[PDB]
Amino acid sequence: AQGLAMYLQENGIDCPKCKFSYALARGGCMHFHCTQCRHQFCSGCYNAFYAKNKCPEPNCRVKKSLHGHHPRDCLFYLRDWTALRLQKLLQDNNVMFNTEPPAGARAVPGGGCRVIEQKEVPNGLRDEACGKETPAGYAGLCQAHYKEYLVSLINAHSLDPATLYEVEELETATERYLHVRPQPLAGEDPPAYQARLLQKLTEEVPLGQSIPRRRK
């Protein structure tokens, strides 16, 4: 309904540590640093970023690096999906989404994608439309911003991307969150194996616990 408008308007972002409220400026990476308390966190899932060798989890194989522990529904993972696959997750769950711009839209000067970014320019920053190519069916947004829009809807409705995982993806997610490399049990056929992995992942690894959700 108003999902696209809500993505396009200026959003807030709150420091998960000190609760300070900001206006989100798009255009940067996923590493956010609170200017008030210096807490570093992911813009997608609000989990903490740990610098090299200060992460708490044994054994985080990415321990020797700057990293966070992102849930499977963080944009960190979902930005790699095709728009078609993100659309399928929404469609499978009866969630409407835009493929065309608002009926009463407004021409973007130069562009291109209409999303306003704070861009780096010689000697500072400048607010400017994204301007990237806008494929048909991407609601007037570029590929990356269209995917962010779809992810905003996926997260709002607490949709689980694992429902669409292939067996290899279930195995990878299993290794990541449950720290064990799964394998078929003796007597277990490939479909039963996939079903077991999906079942175990769903009941043992929650979706992002700090991703804001529709509360109704």
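One rule holds for the numbers: they count along the sequence shown, beginning at 1.
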property: Higher-B stretch (mean Cα B-factor, as the entry records it), 74-82 or 104-112; result: 104-112
property: Given 29-37 and 55-63, the range whose Cα B-factors average higher in the PDB entry; result: 55-63
property: Highest-ranked of 182, 161, 68, 44 once sorted by CA temperature factor in the record; result: 182
property: Lowest, middle or highest third - CA B-factor, residue 186; result: highest
property: Chain thirds of CA B-factor: placement of residue 125; result: highest
property: Lowest, middle or highest third - CA B-factor, residue 24; result: lowest
property: Chain third (lowest, middle, highest) by recorded CA B-factor, residue given as residue 178; result: highest
